[PDB]
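Taking the entry's author numbering, the leading residue of the sequence shown gets 1856, the next gets one more, and so forth.
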Amino acid sequence: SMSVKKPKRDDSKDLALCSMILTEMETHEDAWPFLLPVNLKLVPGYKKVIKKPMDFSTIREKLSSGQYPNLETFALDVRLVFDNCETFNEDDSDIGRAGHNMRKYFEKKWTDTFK
């Protein structure tokens, strides 16, 4: 509350550390469904169904241009990429499996870097 603060967690490396996590997600062999925005002209249903499209290239641009106010807003966009994937793709598909794999990979890097 006013004039009453928890001890100050060092957040000065968070930008760099989120950038490294993102590089590792970009270079995973199962990243291919997530590297670029879904083409809304060429994928029937996507525009209407997925209210908030997100992909790695869009996170990378937001990161590089100071559009994440803190590391939690960054995690929310990464998770949004996989939540969208689950909404639109069957579990038993290459893309559906890719998303489960990448979400796992992300959550481990996230815990090991920050928790």
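Don't be surprised by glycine CBs; every beta carbon is placed ideally from N, CA and C.
- The criterion of a C-beta distance shorter than 9 Å is not satisfied by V1898 and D1910.
- Within the same chain, Cβ atoms closer than 7 Å to the Cβ of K1964 are found at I1876, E1879, the five residues on either side in sequence being excluded.
- Under the three-state reduction of DSSP, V1859 is assigned to coil, being neither helix nor strand.
- In the three-state reduction of the DSSP assignment, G1900 falls in the coil class, being assigned neither a helical nor a strand state.
- Between the alpha carbons of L1895 and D1949 lies a distance of about 20 Å.
- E1945 and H1955 have their C-alpha atoms roughly 11 Å apart.
- Less than 9 Å divides the Cβ of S1874 from the Cβ of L1918.
- The Cβ neighbour count for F1969, taken over all protein chains shown within 10 Å, is under 16; the residue is labelled exposed.
- Closest by C-alpha distance to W1887, out of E1962, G1951, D1967, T1966, is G1951.
- A straight-line Cα-Cα distance of about 38 Å links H1883 and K1861.
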